[PDB]
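Breakdown of the fold
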Amino acid sequence: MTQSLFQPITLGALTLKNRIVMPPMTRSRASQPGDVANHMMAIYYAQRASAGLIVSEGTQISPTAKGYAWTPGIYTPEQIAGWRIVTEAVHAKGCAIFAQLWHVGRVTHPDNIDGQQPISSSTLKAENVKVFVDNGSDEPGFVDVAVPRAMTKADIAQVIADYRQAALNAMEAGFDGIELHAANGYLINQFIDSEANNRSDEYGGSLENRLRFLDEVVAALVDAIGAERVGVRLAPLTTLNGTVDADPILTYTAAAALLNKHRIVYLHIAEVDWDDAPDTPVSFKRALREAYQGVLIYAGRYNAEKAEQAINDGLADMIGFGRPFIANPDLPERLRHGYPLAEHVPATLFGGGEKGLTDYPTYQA
Ligand SMILES: Cc1cc2nc3c(=O)[nH]c(=O)nc-3n(C[C@H](O)[C@H](O)[C@H](O)COP(=O)(O)O)c2cc1C
Ligand SMILES: CCCCCCCCO[C@@H]1O[C@H](CO)[C@@H](O)[C@H](O)[C@H]1O
Ligand SMILES: CC(=O)c1ccc(O)cc1
């Protein structure tokens, strides 16, 4: 009945109001030119501040880390300032907010990264994957991804430096912490999953090698802003964006244990990606619960009953609700009272302005 869902929880040096998380959700509303977070985004997040924790939509750490049109960056002074408007608005409402540091790797198109070729662990193209670009109109233009080039040792050092600085930038922008996007087939995931990584150097070939990039990026993030302000997102079983691992139970239980050693403040599991909702064995969830002992967050087709059950069964500490939060700014209140939930409009998920972003009303009987 959601009693545990409405219990507070400590997240590092922060105390959160409840166990509900607004998971990271790209809305591609950043101001142009410059991909700058803005007023409408600040209103959007502030409207949803009754969440215990808000994780921002993916925000690219550099010009070549972007995969979709109009997503907000976190590497220029104006971008940091734009995010500051957002964090000030959210904090005024009393809520913690983490910035999801993003590098899409091979999941992009040259049009989104200044005509450059995408980078990845290897030269493997993401099969049957599309992103969208700006095509001289305010409507997302979907295109097939491009074949990436394999990252060199120099590229690795550069990306780690970009992640490190992005974390500092997030703190300068007023965020309470950062979430490393190492899920949903993006750059780090392209190193983790065996079938997306055919490197013959120390970053591929063995489980230890496949987790090396994650290890080094997290080490840098923790060094920059503290483990209490670093969360990481993983996608053990979904494969929608083209990353598949041969032995995910081993790979991800190991990853969870590795992240536990870093003492990151939370581990966020993306259990469903759109309609890719693979069976995720309770036995596996319990193994993750032992491998990682910080705050464990799950997101993916949860409703009030399943969320409460997951917490009461000792599988999760917090639960994220994505699509429902898009259409219900007061999702927590609705879940607590059992008020009916509005449904979101797919057509307005990406691009455009306030319509389909800030005009979903709060519940009114
Ligand atoms: C519009 C849209 C954009 C999303 N963008 C992101 C994001 O930028 N990064 C991320 O890690 N996941 C992202 N997600 C995945 C969500 O965080 C979430 O894991 C997913 O929607 C499953 O939860 P749900 O069934 O409660 O919506 C996106 C989902 C939506 C619906
Ligand atoms: C104390 C109350 C403070 C209210 C501050 C509201 C700031 C609104 O700011 C406005 O947001 C609009 C989008 O919604 C933009 O189109 C405008 O350019 C922007 O100025
Ligand atoms: C654009 C988008 O649909 C999307 C979905 C999942 C991500 O992890 C990041 C972005």
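What comes next concerns the included structure. All residue numbers given refer to positions from 1 along each chain's written sequence rather than to the entry's numbering, and residues for which no coordinates exist are omitted. Lettering for chains starts from A, numbering for ligands starts from 1, and both go in the order in which the items are written. With hydrogens and water stripped out, all remaining heavy atoms of the structure feed into the side-chain values. Residues with missing side-chain atoms are left out of burial classes, side-chain pairs and their counts.

Considering the sheet that holds strand β11 (residues 230-234)
So the rule is basically this: Two strands make a pair as long as DSSP finds a minimum of two bridges between them. The helix and strand labels rest on DSSP assignments: H or I over at least four residues marks a helix, E over at least two residues marks a strand, and numbering proceeds from the N terminus. As a rule, the C-alpha atoms of each element are fitted with a line to give its axis, helices using only the stretch in contact, and angles between N-to-C directions run from 0 to 180 degrees. Contacts: residue pairs with any heavy atoms within 4.5 Å of one another.
Taking strand neighbours around the barrel as the criterion, the eight strands line up as β3-β4-β5-β10-β11-β12-β13-β14 in a closed arrangement whose pairing is parallel. Going from strand to strand, the sheet's axes swing by 25° on average, the running direction of each strand aside. Helix α1 (residues 39-46) contacts β3 (20-22) and β4 (53-60) of the sheet and is inclined by roughly 150° relative to β4. The strands that helix α6 (residues 212-225) touches are β5 (96-102), β10 (177-181) and β11; relative to β10, the one it contacts most, it runs at about 170°.

Section: the layout of surface pockets
To find the voids left in a structure, one rolls a probe of water-molecule size over its atoms. In plain terms, the rule: For each structure, a 1 Å grid was placed over the protein atoms alone; sets of points admitting a 1.4 Å probe that cannot get out are labelled cavities, open sets with protein on both sides within 12 Å along at least five of seven lines are labelled pockets, and lining residues have an atom within 4 Å of a point. Grid points are joined across faces, edges and corners, and a volume is the space filled by probe spheres set on the points. Here the term charged refers only to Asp, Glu, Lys and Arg, the term nonpolar to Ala, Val, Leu, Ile, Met, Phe, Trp, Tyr, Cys and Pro, and the term polar to all other amino acids, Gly among them.
By volume, the largest pocket is sized at about 1100 Å³. If you trace the largest pocket, you find 43 residues lining it, with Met25, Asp273, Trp274, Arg323 and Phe350 closest to the centre. Counting only elements with at least two residues in the lining of the largest pocket, the list comes to β5, β7 (130-133) and α10 (323-327). Per-class residue counts for the lining of the largest pocket are 24 nonpolar, 12 polar and seven charged. The volume enclosed by the second largest pocket comes to roughly 220 Å³. The wall of the second largest pocket is formed by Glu271, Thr280, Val282, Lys285, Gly300, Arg301, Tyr302, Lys306, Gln309, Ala310, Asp313 and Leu315. Elements with a contribution of two residues or more to the lining of the second largest pocket: α8 (282-291) and α9 (304-312).

Considering the site of ligand 1
The test is simple: Note on terminology: near, applied to a residue and a molecule or strand, indicates that one of the residue's heavy atoms is within 4 Å of it. Two N or O atoms count as a polar contact when they lie within 3.5 Å, although within protein this holds only if one can serve as hydrogen donor and the other as acceptor, and sequence-adjacent residues are included solely when both atoms are side-chain atoms. Note on areas: these come from Shrake-Rupley sampling with a 1.4 Å probe, and a residue is covered only by the protein chains present in the view.
With respect to spatial proximity, 19 residues lie near ligand 1, and among them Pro24, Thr26, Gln100, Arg233 and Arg301 are the closest. Between an oxygen atom of ligand 1 and a side-chain N or O atom of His181, the distance comes to 3.1 Å. Here an oxygen atom of ligand 1 sits 2.8 Å away from a polar atom, N or O, in the main chain of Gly322. Out of a free accessible area of 620 Å², ligand 1 has 96% covered by protein chains.

Some remarks on empty space enclosed by the protein
Put simply, the largest cavity is a space of about 50 Å³. Considering the residues around the largest cavity, the lining is formed by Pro236, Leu237, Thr238, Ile269, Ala270, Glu271, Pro278, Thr280, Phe284, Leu288 and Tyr298. Secondary-structure elements contributing two or more residues to the lining of the largest cavity are β12 (266-270) and α8. A per-class count over the lining of the largest cavity returns eight nonpolar, two polar and one charged. Quantified by volume, the second largest cavity comes out at close to 40 Å³.

Description of helix α7 (residues 248-262)
Threshold: Here the expected length of a helix is defined as 1.5 Å per residue gap, with one fewer gap than residues. Relative accessibility decides the category of a residue: with a 1.4 Å probe and only protein chains considered, values under 20% of the type maximum give buried, values over 50% give exposed, and everything between is partly exposed. It is the directions from the helix axis to the C-beta atoms whose arc is reported.
When the terminal C-alpha atoms of α7 are compared, their 21 Å separation across 15 residues agrees well with the 21 Å that a helix rising 1.5 Å per residue should span. Buried residues of α7: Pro248, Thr251, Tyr252, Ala255, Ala256, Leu258, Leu259 and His262, and no others. Buried residues along α7 cover an arc of 160° about the axis, so they all sit on one side. The inward-facing, buried residues of α7 abut α4 (187-192), α5 (207-210), α6, β11, β12 and α8. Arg263 sits one or two positions beyond α7 and adopts a positive phi of about 60°.

Examining the site of ligand 3
Around ligand 3, a shell composed of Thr26, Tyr68, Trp102, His181, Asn184, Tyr186, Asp273, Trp274 and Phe350 is seen. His181 places a side-chain nitrogen or oxygen 2.7 Å from an oxygen atom of ligand 3. The side chain of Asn184 places a nitrogen or oxygen atom 2.6 Å from an oxygen atom of ligand 3. In isolation ligand 3 offers 290 Å² of accessible surface; the protein chains occlude 86% of this area. Considered class by class, the residues forming the shell around ligand 3 number five nonpolar, three polar and one charged.

Looking at the side chain of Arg48
Here is the rule we go by: The charge count treats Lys and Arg as positive and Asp and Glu as negative. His and the chain ends do not count. Criterion for a salt bridge: a side-chain nitrogen of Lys or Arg within 4 Å of a carboxyl oxygen of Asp or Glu.
Among the structural elements, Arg48 can be located in the loop between α1 and β4. Notably, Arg48 is buried but unbridged: the nearest opposite-charge side chain belongs to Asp359, and the N-O separation is 7.5 Å. For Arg48, the side chain forms a polar contact with the main-chain oxygen of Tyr44, separated by 2.9 Å. Residues contacting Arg48, with those up to four places away along its chain left out, are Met22, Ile54, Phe325, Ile326, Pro329, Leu357 and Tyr360.

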